Enquirer: 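Sharing a structure, written as structure tokens. Questions coming.
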There are 4 protein chains.
Amino acid sequence: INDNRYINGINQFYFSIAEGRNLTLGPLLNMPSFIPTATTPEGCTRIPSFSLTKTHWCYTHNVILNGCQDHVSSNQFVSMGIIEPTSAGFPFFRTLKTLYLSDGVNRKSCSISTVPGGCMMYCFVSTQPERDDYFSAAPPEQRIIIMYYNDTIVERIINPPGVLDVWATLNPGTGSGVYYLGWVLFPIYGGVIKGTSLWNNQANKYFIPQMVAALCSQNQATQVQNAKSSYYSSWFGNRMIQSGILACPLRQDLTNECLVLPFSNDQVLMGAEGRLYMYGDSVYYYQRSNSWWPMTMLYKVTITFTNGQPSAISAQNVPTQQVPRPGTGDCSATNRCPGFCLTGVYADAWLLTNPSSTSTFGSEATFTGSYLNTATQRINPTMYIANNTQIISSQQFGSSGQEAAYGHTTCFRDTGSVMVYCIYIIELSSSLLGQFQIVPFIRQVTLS
Amino acid sequence: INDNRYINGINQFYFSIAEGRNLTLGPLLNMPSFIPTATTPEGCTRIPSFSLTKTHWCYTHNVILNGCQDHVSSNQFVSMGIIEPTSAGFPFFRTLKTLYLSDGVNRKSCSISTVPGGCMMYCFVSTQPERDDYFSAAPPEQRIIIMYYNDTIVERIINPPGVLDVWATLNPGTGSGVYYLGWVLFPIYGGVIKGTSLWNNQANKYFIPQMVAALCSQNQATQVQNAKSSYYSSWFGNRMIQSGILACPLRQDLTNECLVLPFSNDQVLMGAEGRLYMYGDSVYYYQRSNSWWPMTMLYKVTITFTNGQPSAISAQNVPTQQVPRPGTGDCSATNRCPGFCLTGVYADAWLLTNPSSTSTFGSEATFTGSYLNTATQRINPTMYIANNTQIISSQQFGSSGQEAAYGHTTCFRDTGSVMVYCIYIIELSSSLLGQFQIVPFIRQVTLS
Amino acid sequence: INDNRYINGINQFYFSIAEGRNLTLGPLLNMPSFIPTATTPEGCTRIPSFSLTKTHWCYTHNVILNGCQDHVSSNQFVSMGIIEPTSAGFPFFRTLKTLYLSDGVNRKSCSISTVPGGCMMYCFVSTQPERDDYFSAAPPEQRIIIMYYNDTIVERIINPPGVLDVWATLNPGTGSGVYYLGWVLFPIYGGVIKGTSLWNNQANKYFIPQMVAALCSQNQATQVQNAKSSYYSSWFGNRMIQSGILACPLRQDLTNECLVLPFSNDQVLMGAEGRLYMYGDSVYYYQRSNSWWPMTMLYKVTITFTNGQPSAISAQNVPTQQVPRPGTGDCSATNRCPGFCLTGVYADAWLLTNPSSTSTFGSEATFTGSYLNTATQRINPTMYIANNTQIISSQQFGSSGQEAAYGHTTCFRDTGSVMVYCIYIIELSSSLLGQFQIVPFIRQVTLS
Amino acid sequence: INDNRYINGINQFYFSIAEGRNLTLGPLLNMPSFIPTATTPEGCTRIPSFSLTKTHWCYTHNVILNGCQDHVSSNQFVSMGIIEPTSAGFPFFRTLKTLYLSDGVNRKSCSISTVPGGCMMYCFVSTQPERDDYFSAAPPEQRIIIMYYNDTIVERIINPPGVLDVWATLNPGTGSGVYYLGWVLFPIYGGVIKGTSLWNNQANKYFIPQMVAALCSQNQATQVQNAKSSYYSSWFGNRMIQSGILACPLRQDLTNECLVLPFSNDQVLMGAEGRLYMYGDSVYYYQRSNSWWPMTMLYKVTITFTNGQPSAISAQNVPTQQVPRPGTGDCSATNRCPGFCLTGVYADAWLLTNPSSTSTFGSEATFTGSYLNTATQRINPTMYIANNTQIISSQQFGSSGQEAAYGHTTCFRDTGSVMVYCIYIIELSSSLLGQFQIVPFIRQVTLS
Ligand SMILES: *[C@@H]1O[C@H](CO)[C@@H](O[C@@H]2O[C@H](CO)[C@@H](O)[C@H](O)[C@H]2NC(C)=O)[C@H](O)[C@H]1NC(C)=O
Ligand SMILES: *[C@@H]1O[C@H](CO)[C@@H](O[C@@H]2O[C@H](CO)[C@@H](O)[C@H](O)[C@H]2NC(C)=O)[C@H](O)[C@H]1NC(C)=O
Ligand SMILES: *[C@@H]1O[C@H](CO)[C@@H](O[C@@H]2O[C@H](CO)[C@@H](O)[C@H](O)[C@H]2NC(C)=O)[C@H](O)[C@H]1NC(C)=O
Ligand SMILES: *[C@@H]1O[C@H](CO)[C@@H](O[C@@H]2O[C@H](CO)[C@@H](O)[C@H](O)[C@H]2NC(C)=O)[C@H](O)[C@H]1NC(C)=O
Ligand SMILES: *[C@@H]1O[C@H](CO)[C@@H](O[C@@H]2O[C@H](CO)[C@@H](O)[C@H](O)[C@H]2NC(C)=O)[C@H](O)[C@H]1NC(C)=O
Ligand SMILES: *[C@@H]1O[C@H](CO)[C@@H](O[C@@H]2O[C@H](CO)[C@@H](O)[C@H](O)[C@H]2NC(C)=O)[C@H](O)[C@H]1NC(C)=O
Ligand SMILES: *[C@@H]1O[C@H](CO)[C@@H](O[C@@H]2O[C@H](CO)[C@@H](O)[C@H](O)[C@H]2NC(C)=O)[C@H](O)[C@H]1NC(C)=O
Ligand SMILES: *[C@H]1O[C@H](CO)[C@@H](O)[C@H](O)[C@H]1NC(C)=O
Ligand SMILES: *[C@H]1O[C@H](CO)[C@@H](O)[C@H](O)[C@H]1NC(C)=O
Ligand SMILES: *[C@H]1O[C@H](CO)[C@@H](O)[C@H](O)[C@H]1NC(C)=O
Ligand SMILES: *[C@H]1O[C@H](CO)[C@@H](O)[C@H](O)[C@H]1NC(C)=O
Ligand SMILES: [Ca+2]
Ligand SMILES: [Ca+2]
Ligand SMILES: [Ca+2]
Ligand SMILES: [Ca+2]
């Protein structure tokens, strides 16, 4: 279990609105990395997922032997452990168990979540190029693996209702899932088939971030028209790209008890990878900006239960115009106008302040994470702290041109020294070993 | 415990003399590294020690937060686990437990060894520059830590007889120790004080490798005179630099039961870092070439017991002239003449063939490891397979100029597929994260 | 163990009813304080707990580094020792062991008690402002730590039955607990949820001190109506503020064996901090006056066992109208009428005479302690001796305006010189070091 | 025993000459004080002595019940314990045993020292005003008390040779003593009788600090004449005020084995209180400036042994002109000219840098401590860091006018976090409890 110094400083808003204005990032601290490196120049480690809870943490990433492209073979590394203080005062992520799922099943886009006594992981089995998954009417096989600290492993092929003949494809969002009220929730996304109930119920819906108007040169009517069209992709089998949540009851005999809960397209942008968080008793969702709006998207999720089962989800966006991501064409970090786009990168963000603490939800929110500071290239990894309109502290890593990809950020507090630490898990392009080196950068978020 | 595919292919001579002539190295294989990386540009991870036995493996290395020099602070990372096959057929070193000794005690030059149920580690506590340790008449504090898989940890400050007022300094050789007949043996080295019994008993002794004569231009009398002087260092407090073995009975209340057994200087070169091996029932020793002879030094060690206690050790060298190491001045990879030298690098070697299988011990021996291919710079890390006079297979890693340091090699066989794998743990200079990145390169040693 | 001069003069009624009329306080005596001081101007030491028994004494207090407000970080100082005579004849509290619980767990409102061979401490873990604890339906984590004189420490998270979904919050009373018939008893208080069995069973109950009638201007019916309403707080989550006792069997593997025993609201006032005492074989309880009645509240507690387990408690009040405490608004030291109040200070009192020695329980009781002599400000610390209606001896400490807070009083007798000493542990506001300086004032209670 | 974080960071020069130039004092840190407070307004706690060694620390101070003057009654508080880290990272001095010597023997001017397994304390028995001790030809009784952690206590009246009929008085210097090569050394001072061998051998000797010339307006001949006269006091029985060292072999049956070793008056100023230190293997001495030169006096002491017994001591002064002390009349902090003076205060200093590391001994020395910043009044306690000519970092405590007295400073390093902490034990005048409050201020000495 996690050390007493951390058991009470996890999954919370660590600072007050007033303190948020005076936060800065400290120097990077050196700790033994708990994320394994490749041992060949062409080895590829990508798509990490990290879940940290009161008792322990779970980590996982995908491994491909040659280069970063396969739809046949790949292995998935899973790791779990606890956090303990070092003599220097900062955290050490102690690995207590390691697993390497290597058996021929091509598990991809996996999201992992902490559960009492272990980790629950949700993956889908890839057997063809991503684009092909959208054209085929049949969805990929879905699997959830539960790995207990006692070394028992139970994997199940799941068939949640409302998937077959509704979703041409379904993928976990790769971002962490969360254990909530006896259920494990995972972010999901995919393509919905035209003519289905889901499609019809989503027809004509769209979402436009609160701060777009002042930055977009198009008129309201034009924005609305383009926003509505941004949820349909002709390149991806003419499917409605949808975001959502997969809720699974914690059982070892899962078959069709998990529930697919899609977000209303009136509250969320075009479906994309994502991540779920827990701040106290509130659930939050991070949605990758793979569409027209290039800024960080965070939402407070309200979950409704009907007869002990999740029946509906509602999302309220934290309005910002900060931390853009690199994109292609007319959808780069500089874009501000609605339209159809299918480009971007995963870059979640951690809320250091409570958006509900202001009279108007999210009027003054502070968050931290990493982002690729460029308009169209996945380059210049940069850790930062920002509010709705400005970056108030940042430090680029490496020299300009340094390639990087996804970035998963997680913060917790040492209730002993009373300082907040954040771990920025960044996929860095390496020139020595492997295509990428996923690094768990760690540093303090100083108040002052 | 290790998978059935490996429990019977550990610590043995894998090939016959005839097969040794036809061995070549396979491509590097990609597996998740079990050796942690630094998370800051200046973080320093160095001095690894690796022990692999029938049941499991133990690994450890030193961590310094800023740069690679301290005599005050440092932490020691320890890891342990097993080996299991991946779907591709090659090994995966599964970490089952991790430990980070961070408490203010500056444990250095640690050697680790596998013991039933865990790992036994031997370190010394550094409190001043190495050179100062040789001038001070008092030796550094010595410690042996036993870490059980059940998470019990027992550290003891040891005071073996014949150390105080005999050895100005004492250091573990960093190379792995071995569990032999109920005793844990570790390689050691240090400086002996003038006038002590050990000094007197070693007076006038010297060792000259069998293949030096044909390569040295000096006459026999001159060689002998210089060889005798090579065991005394004026730069290191005028001490006799000695090599040896520390034998500790496996107990949890060690105080003064460990025994310091020095090698006769008539059979070994000037003391240096080292490593102990187990090939069947025979013990072997690797001695770093920190003296005049720049070639790989391996010896078959014969241990004598008197009343259930190790009482004396004898070393028989495997005569070779292959695999030189980079050195300074007149002691570079090109030197062949006796004289006093204090330069070199750690680069052990694994015997793929039995030296005792030939009518004349070691007449035709084959070994594998890594070495820095240059005369004086720690550059061009290169994995190889060689016999007494030639390198018969090699592959440099990275481009020329690539900095590197120590190299620990270990081989084992998959009794299922019937192939031998070797792990080459090499300290590589990195430009991204940390000063060094210790990498567990792994590849097959193919017969053909 | 305590000196022979004190082993037989602890936890008893030291004077007869007749002698009580002639008691006066002696001069303060100077002894080395056994309560540690802060070393910074802003350091805060507060909430002491002191337990003294035949064999030894236990002491503890909370430490906050900056100012006196945190719900995150804080440490708890624990101390234990014995009493021995000085050459001047008076006591010296000799500390034989010290402990500083500093590990990130925010242990608050701790009560300590002497147990055979050590101390047992009961705390709750604070993670949010006190008021928030009453609104949240879930109670704070509860912990009991046993610290043996042999340095063994065992802390357990306890989950006594009837707490979850019954008590929105639960706190130790900070006053000392007592070891009674193999069980350790601690005073407790908190807020009970509406609709629970406890709530229903307490419905319509109330308590009005015997001497209120003659001092209150309201009629009987009005008093009863207001008294009933004084047990419910809208400011504190609309909970029923309850007082009680937590009984724990002396074990090192406590989980859910401790029992929560609430006082009948027909015999006790609104729940508040408190303390338990032992006078011979009788248990007594001190209840802080945080409600409408501002006078010292002491009760003789009758404990019922059913199958070797405490099953019910009954309280009989010692009727007095002496020693008021400062309060806010219409609940100052001058108030005498029932109504809802939530203000006051901790100020226990020691009974120098047996209340059961008079034909009518407590008709003539004498007690000693300290109190803040003012109507609404925590000012003018004053040690005193008083009976049911008047203060018969007192001496203010420092000049008027001197700030102070809690006061814990304990008396014992030197069976050698035959004199009674009382220790008045008072939280004094300091201007030099720290916010407060907890001082163990000691003086004699002279008969004459 | 002390925590692993400190066992290797005690009694050493922590910084290099270069780092000394960039040292500054950090904020005062709050830890539970291990020095007991008085419990009455007139209680007096004074004359502390603190010894810290690899294994543990020893502390002691004198207690007088009414005011700060007695030559009859007084008690001596002794305390011992270890150092351990708090969750905030800084030290906590954990008291593991307390003792209160209260028995009628008026032990004064006590110096304490750490010894294997306990503390050794040296006091003298006062029975009359100090001045009277110098006029009486007989010296006060001398005592050394050894207090073992196992609670065994052995006190012995000692009669070292060369004291009777040589020293009219003899006093421990109150500053800590040190355990060196099996002997416990304590600083001493007193008055020597005219006509004795010691007197004759000291005749015409004198010492003038290296930096006086440039600051004194008198010529060399005049300075020499006045310096010679500064070692004789007509006010104190016309005795030669002498400084020295008392060496006692660690035994439990001491009688006359302790040796009185006086300093040559050619190397030291007029005798005064003092303290001994250990920096590595070198012994250092601090001499209170109770004479004409008002600056901090530190000397490297060279001890000579003859037949296993200390036979002579030599002192080499670290030349400075920094950190003056308040004095009376023509001997205030502003004085620079030789002459007879008998005024000053105890204010030792800790050397953060090695004086022997410069080609010329002490050419660039850095030290830290506290001092009363005023010319003649014991006022304005101020902690500082200084070099030979300037104060490079300082922070006054409290407001101007704040009375204070002695100051004992001690520094050690956390080899885990790699930071140096210093404890400044200062006698502060208090207005609440007691005449003085001896406070163990603690803060870090930051490099930068
Ligand atoms: C490891 O822990 C899990 C979690 O409790 C154990 O799972 C139980 O498995 C049995 C059947 O094998 C179920 O009937 C129980 O309901 C499971 N427990 C629950 C409710 O989670 C698992 O058995 C443990 N591993 C072992 C066998 O020691
Ligand atoms: C985000 O942070 C920025 C920078 O701190 C805020 O901008 C400052 O706003 C204040 C007004 O209160 C001005 O006085 C400063 O001059 C602004 N900084 C500058 C020069 O850019 C910004 O207001 C914050 N956004 C919010 C309100 O969330
Ligand atoms: C080490 O390996 C080398 C290379 O295989 C051996 O050298 C060969 O020796 C044979 C004689 O049996 C010659 O026919 C080859 O021409 C040699 N190779 C060349 C051209 O270098 C060498 O003999 C081996 N060393 C030993 C005997 O251990
Ligand atoms: C310190 O004293 C306690 C009190 O006796 C010892 O506690 C015992 O612990 C064992 C298990 O560790 C229990 O089975 C016993 O029942 C305990 N004794 C009881 C009944 O109180 C403790 O072990 C002592 N410390 C040590 C280990 O010396
Ligand atoms: C509490 O103490 C007071 C003071 O000693 C008692 O008051 C005295 O009562 C007697 C009657 O026996 C009168 O003669 C005195 O004149 C009273 N003192 C004064 C002038 O106030 C009081 O009776 C005691 N309370 C009880 C009975 O417990
Ligand atoms: C506490 O420790 C001391 C230190 O060892 C013990 O002292 C020994 O006392 C005996 C006589 O009582 C001497 O003969 C030994 O030489 C002492 N030891 C030495 C050399 O220091 C002391 O006895 C211990 N307390 C007890 C009695 O347990
Ligand atoms: C003691 O410290 C002072 C302050 O750092 C030193 O004075 C400085 O000396 C340098 C010369 O190297 C000048 O450049 C600075 O201007 C001086 N500071 C000032 C303005 O006072 C002083 O030299 C140190 N004393 C020594 C040499 O030990
Ligand atoms: C943060 O820093 C500003 C600028 O010094 C200060 O005024 C403010 O009080 C700080 N914020 C808080 C309340 O911590
Ligand atoms: C190795 O290869 C050589 C060359 O083809 C072959 O002649 C020899 O038999 C092989 N060695 C053995 C016996 O495996
Ligand atoms: C206390 O003092 C009163 C007044 O002098 C005296 O009459 C009485 O006997 C004393 N009480 C007792 C019995 O100790
Ligand atoms: C201390 O600070 C000075 C000024 O920035 C810097 O130049 C110097 O290198 C530092 N001293 C050292 C060597 O630590
Ligand atoms: Ca499909
Ligand atoms: Ca040495
Ligand atoms: Ca609650
Ligand atoms: Ca005298």
Side-chain angles (χ1 to χ4, degrees), chain A residues 8 14-24 280-281 352-353 357 364 366 385 387 392-393 418-420 445-448, chain B residues 15-25 210-211 214 295-296 298 318-323 349 351-355 357-368 384-394 447-448, chain C residues 66-67 69-72 106 108-109 124-142 159 163-171 188-194 196 233 235-242 271:
Chain A
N8 293 154
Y14 305 115
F15 298 108
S16 71
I17 305 294
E19 304 175 312
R21 297 182 251 238
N22 290 325
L23 300 180
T24 175
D281 297 309
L352 292 164
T353 265
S357 287
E364 199 179 336
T366 310
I385 299 181
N387 63 23
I392 65 181
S393 182
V418 190
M419 27 190 82
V420 177
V445 165
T446 314
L447 200 187
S448 193
Chain B
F15 298 108
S16 71
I17 305 294
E19 304 175 312
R21 297 182 251 238
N22 290 325
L23 300 180
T24 175
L25 308 173
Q210 212 171 89
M211 290 175 61
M295 304 308 192
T296 304
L298 302 171
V318 177
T320 79
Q321 71 178 217
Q322 260 322 324
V323 179
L351 290 165
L352 292 164
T353 265
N354 191 340
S357 287
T358 48
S359 50
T360 295
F361 185 75
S363 61
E364 199 179 336
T366 310
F367 49 100
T368 184
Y384 72 87
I385 299 181
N387 63 23
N388 317 63
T389 62
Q390 291 181 39
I391 291 178
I392 65 181
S393 182
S394 73
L447 200 187
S448 193
Chain C
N66 306 92
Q69 218 49 64
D70 202 302
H71 56 258
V72 183
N106 200 33
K108 295 289 202 176
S109 197
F124 85 87
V125 185
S126 186
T127 61
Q128 65 191 331
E130 171 172 46
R131 194 185 173 204
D132 298 357
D133 281 322
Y134 287 80
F135 281 84
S136 57
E141 175 174 281
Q142 308 291 310
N159 289 291
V163 176
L164 181 58
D165 299 317
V166 175
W167 295 67
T169 337
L170 183 54
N171 287 2
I188 54 178
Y189 78 107
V192 179
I193 296 173
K194 173 196 176 79
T196 54
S233 170
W235 177 262
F236 274 166
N238 293 109
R239 311 300 186 191
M240 170 179 64
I241 312 309
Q242 184 68 62

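Because only heavy atoms are used, hydrogens play no part in the values below, and waters and symmetry mates are left out as well, while side chains stay in. Order of the sequence lines sets the chain letters (A, B, ...), proteins ahead of strands, with each chain counted from 1. Both ligands and their constituent atoms are indexed starting at 1 by order of listing.
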Enquirer: With under 30° as parallel and over 60° as perpendicular, where do the rings of C:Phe236 and C:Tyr134 fit, or are they tilted in between?
Expert: parallel
Enquirer: Is there a protein heavy atom at a distance of less than 4.0 Å from atom 26 (C) of ligand 3?
Expert: yes
Enquirer: Does any N, O or S atom in C:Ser136 come within less than 3.0 Å of the Ca ion (ligand 14)?
Expert: yes
Enquirer: Protein non-hydrogen atoms only, distance under 4.0 Å: does atom 13 (C) of ligand 8 have such a neighbour?
Expert: no
Enquirer: Given the protein's heavy atoms, is any one of them under 4.0 Å from atom 4 (C) of ligand 3?
Expert: yes
Enquirer: Just by modelled atom types, is the B:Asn388 backbone N or O under 3.5 Å from a matching donor or acceptor in the B:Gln390 side chain?
Expert: no
Enquirer: Would you check if C:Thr169 and C:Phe124 make a side-chain contact, meaning some heavy-atom pair closer than 4.5 Å?
Expert: no
Enquirer: Below 4.0 angstrom, counting only protein heavy atoms, does anything approach atom 5 (O) of ligand 8?
Expert: no
Enquirer: Would you say atom 9 (O) of ligand 3 touches the protein, meaning some protein heavy atom is under 4.0 Å from it?
Expert: no
Enquirer: Which atoms of ligand 3 have any heavy atom of B:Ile392 under 4.0 Å away?
Expert: 2 (O)
Enquirer: If you measure every N/O of A:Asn22 against every N/O of ligand 8, is any gap under 3.5 Å?
Expert: yes
Enquirer: Under 4.0 Å from any heavy atom of B:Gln390, which atoms of ligand 3 are there?
Expert: 3 (C), 4 (C), 7 (O), 21 (O)
Enquirer: Kindly indicate whether atom 2 (O) of ligand 8 is approached by any protein heavy atom to under 4.0 angstrom.
Expert: yes
Enquirer: Quick one: does atom 12 (O) of ligand 3 have a protein heavy atom under 4.0 Å from it?
Expert: no
Enquirer: Going by a strict under-4.0 Å cutoff (protein heavy atoms only), does atom 17 (C) of ligand 3 have a neighbour on the protein?
Expert: no
Enquirer: The Ca ion (ligand 14) and C:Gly191: any N/O/S contact shorter than 3.0 Å?
Expert: no
Enquirer: Could you work out, for atom 28 (O) of ligand 3, the closest of B:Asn387, B:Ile385, B:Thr320 by heavy-atom distance?
Expert: B:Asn387
Enquirer: With the threshold set strictly below 4.0 angstrom, can you tell me whether any protein non-hydrogen atom sits that near atom 23 (O) of ligand 3?
Expert: no
Enquirer: Rounded to the nearest 10 degrees, what's the angle O of C:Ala168 makes with O of C:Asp133 at the Ca ion (ligand 14)? Could you check?
Expert: 90°
Enquirer: I need the minimum non-hydrogen distance between C:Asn171 and C:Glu130, along with the two atoms involved.
Expert: ND2-OE2, 4.4 Å
